[PDB]
Amino acid sequence: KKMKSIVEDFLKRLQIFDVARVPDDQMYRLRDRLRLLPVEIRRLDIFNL
Amino acid sequence: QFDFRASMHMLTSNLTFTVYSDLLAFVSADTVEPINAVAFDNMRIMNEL
């Protein structure tokens, strides 16, 4: 699985940015920084079911 | 002058065979999917995905 499309839709819905001129590095660099964050309590308890 | 006993021989060879050039046509060749390709350390190249 390639996770460019997960972080691409992250920046579409934050309405400020223009995604068509964002290169590929900043999407896979935003990934490696957003992966260290802990999952919050309501979406994590769904997964454990 | 022509001596018959000194000029008659008995030659020996094979019956039949076939000579094949291009030895690598007897080799079937397939390739793993390129996303799953690994280097010498059995670790995947292009860890960027």
# chains A, B, ... in the order shown; residues from 1 in each chain; ligands from 1
$ closest_atom_pairs --of "chain B" --to "chain A" --cutoff "12 Å" --atoms "only C-alpha atoms" --output "tab-separated table"
residue	atom	partner	partner_atom	distance
B:35	CA	A:1	CA	9.9
B:36	CA	A:1	CA	11.5
B:46	CA	A:2	CA	11.4
B:47	CA	A:2	CA	10.4
B:48	CA	A:28	CA	7.8
B:49	CA	A:2	CA	5.0
$ select_by_dssp --residues "chain B" --states "helix (DSSP H, G or I)" --output "list in words"
residues 23, 24, 25, 26, 34, 35 and 36 of chain B
$ residues_around --residues "residue 34 (chain A)" --least-positions-apart "6" --cutoff "12 Å" --atoms "only C-alpha atoms" --output "count of residues only"
7
$ atom_distance --atom1 "CA of residue 12 (chain A)" --atom2 "CA of residue 38 (chain A)"
22.7 Å
$ atom_distance --atom1 "CA of residue 40 (chain B)" --atom2 "CA of residue 35 (chain A)"
28.6 Å
